[PDB]
Amino acid sequence: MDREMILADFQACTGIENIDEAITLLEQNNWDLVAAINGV
């Protein structure tokens with residue numbers, strides 16, 4: 001999955017710069033970037 005890239009992408013598009021918060025949101029979406037983004 002390359003979670004580093006997924007995290008980078010999520011932060012770039014959502015503006016959520018807090019890493020812990022970003023990871024929590026990604027985990028709640030099973031690291032599915034598409035779902036996490038359209039969830040903000």
# chains A, B, ... in the order shown; residues from 1 in each chain; ligands from 1
$ select_by_dssp --residues "chain A" --states "helix (DSSP H, G or I)" --output "tab-separated table (two decimals) with C-alpha atoms, in the first residue's frame"
chain	number	residue	atom	x	y	z
A	3	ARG	CA	1.24	4.06	3.63
A	4	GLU	CA	3.81	6.86	3.58
A	5	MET	CA	2.56	7.94	0.16
A	6	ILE	CA	-1.06	7.48	1.22
A	7	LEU	CA	-0.48	9.68	4.26
A	8	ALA	CA	1.30	12.33	2.19
A	9	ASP	CA	-1.54	12.36	-0.33
A	10	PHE	CA	-4.23	12.59	2.35
A	11	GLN	CA	-2.55	15.52	4.09
A	12	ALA	CA	-1.92	17.35	0.81
A	13	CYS	CA	-5.58	17.17	-0.21
A	14	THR	CA	-7.35	17.63	3.13
A	19	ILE	CA	-0.03	13.37	11.56
A	20	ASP	CA	-1.75	11.51	14.40
A	21	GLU	CA	-5.12	12.85	13.32
A	22	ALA	CA	-4.41	11.97	9.67
A	23	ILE	CA	-3.37	8.42	10.56
A	24	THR	CA	-6.43	7.92	12.76
A	25	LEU	CA	-8.70	8.98	9.89
A	26	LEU	CA	-6.86	6.75	7.44
A	27	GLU	CA	-7.14	3.77	9.80
A	28	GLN	CA	-10.89	4.36	10.13
A	33	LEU	CA	-7.27	6.98	0.32
A	34	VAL	CA	-10.32	7.60	-1.85
A	35	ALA	CA	-12.68	6.92	1.05
A	36	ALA	CA	-10.72	8.92	3.62
A	37	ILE	CA	-10.59	12.02	1.42
